[PDB]
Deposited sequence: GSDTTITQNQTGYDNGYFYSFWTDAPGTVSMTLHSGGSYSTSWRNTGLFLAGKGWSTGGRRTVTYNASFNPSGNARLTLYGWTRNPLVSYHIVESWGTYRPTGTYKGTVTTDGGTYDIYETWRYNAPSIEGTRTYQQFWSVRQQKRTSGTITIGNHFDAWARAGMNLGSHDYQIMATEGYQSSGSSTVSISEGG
């Protein structure tokens, strides 16, 4: 009597947190919205998807998360978000499945007990930049001092625009799996 499961692309507010769900393979992935900043996903022989909870306006907030992250194949556990003017997406990748994301290497940032590799890539069709911090070892719970990532990106010339949403996301490309992720502000 309460949690909600969704299967169609949408954004909204659930239990006081912003959420977003997107796939290009409807019918192969779902998201279940739990109390607070928590959700689960389940996917089976999927295409591309990204789902998560967080905030409709991102910023430098320190956040803490805990996750169960159960990919068969290619998936990521990521603090993900977007800006406009310029249009940029960014991913702070905490864990990954069979593939570890990479791009043009621009340095490292050491924050929250770990060292992350910094990368830049571009997406083509709008063409825009994607920024990455990818931890050098996987983890599935801890604190992300988001401002440290933003500052390290800026030192490398990777400049952000005005923030749109910011979520602790599960991302997948093919294969199958599940996750349960909880996020909140604070150290």
Compared with the full deposited sequence, the modelled chain skips 126-132
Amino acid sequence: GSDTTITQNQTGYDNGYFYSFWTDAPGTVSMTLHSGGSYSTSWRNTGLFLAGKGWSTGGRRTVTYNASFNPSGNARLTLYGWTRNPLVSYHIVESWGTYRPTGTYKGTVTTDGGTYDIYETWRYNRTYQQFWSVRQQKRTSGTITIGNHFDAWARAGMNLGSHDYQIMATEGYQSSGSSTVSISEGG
From here on, numbers count along this sequence of modelled residues.
Once average C-alpha B-factors are taken from the entry for 53-61 and 153-161, the winner is 153-161
As the entry reports it, the stretch among 170-178 and 9-17 with higher mean C-alpha B factor is 170-178
Residue set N125, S133, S38, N66, per-entry CA B-factor max assigned to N125
Chain-relative C-alpha B factor for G73 (record values, thirds): the highest
Chain-relative C-alpha B factor for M31 (record values, thirds): the lowest
Chain-relative C-alpha B factor for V93 (record values, thirds): the lowest
Among the modelled residues of its chain, the C-alpha B-factor of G113 falls in the third labelled highest
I146: CA temperature factor from the record, placed by chain third, in the lowest
